[PDB]
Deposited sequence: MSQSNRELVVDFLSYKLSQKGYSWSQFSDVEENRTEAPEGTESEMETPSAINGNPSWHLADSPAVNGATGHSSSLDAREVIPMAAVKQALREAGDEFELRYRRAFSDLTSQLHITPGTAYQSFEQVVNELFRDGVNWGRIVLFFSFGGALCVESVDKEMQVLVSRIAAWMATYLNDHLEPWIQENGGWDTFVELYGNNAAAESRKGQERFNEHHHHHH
């Protein structure tokens, strides 16, 4: 749901910020969150800086509009959606939040969280629901 997904995004972002020494104060569900957290770490374990070019293409500032974020994220889905690419999506948002804080734009993290929820509900849920819903995600990554 719009609320379920919003909560999922905030949890993942908060988890990543915490894990990396940053503040998260700027902000079965438990089974999905845990699975996503682990999926994100697993991926980052293999690719330490896989979104350098992507975040660079966006060069986010308080003046960045959603449409720009959307256009860049669309890059991850050039061949459509799959679970791994959804994990990349979450990981990408986490990296954007980290970068925002490093640039003293911590005000943007809640905004990125909002953009992610919107993008999730709009472009990824259609595929997620068609392929088993989050229960399938848990079944594959849990």
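Sequence ranges 28-81, 197-218 have no coordinates in this entry (deposited sequence, numbered from 1, C-alpha basis).
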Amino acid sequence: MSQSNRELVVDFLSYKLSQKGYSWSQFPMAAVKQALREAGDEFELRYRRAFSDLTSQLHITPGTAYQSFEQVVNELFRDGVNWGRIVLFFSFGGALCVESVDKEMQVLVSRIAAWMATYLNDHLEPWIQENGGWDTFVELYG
From here on, numbers count along this sequence of modelled residues.
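Comparing 95-103 with 50-58, the higher mean C-alpha B-factor in the PDB entry belongs to 50-58.
Mean C-alpha B-factor is higher over 40-48 than over the other stretch, the pair under comparison being 40-48 and 108-116. As recorded in the entry, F27 carries the highest CA temperature factor of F69, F27, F90, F77.
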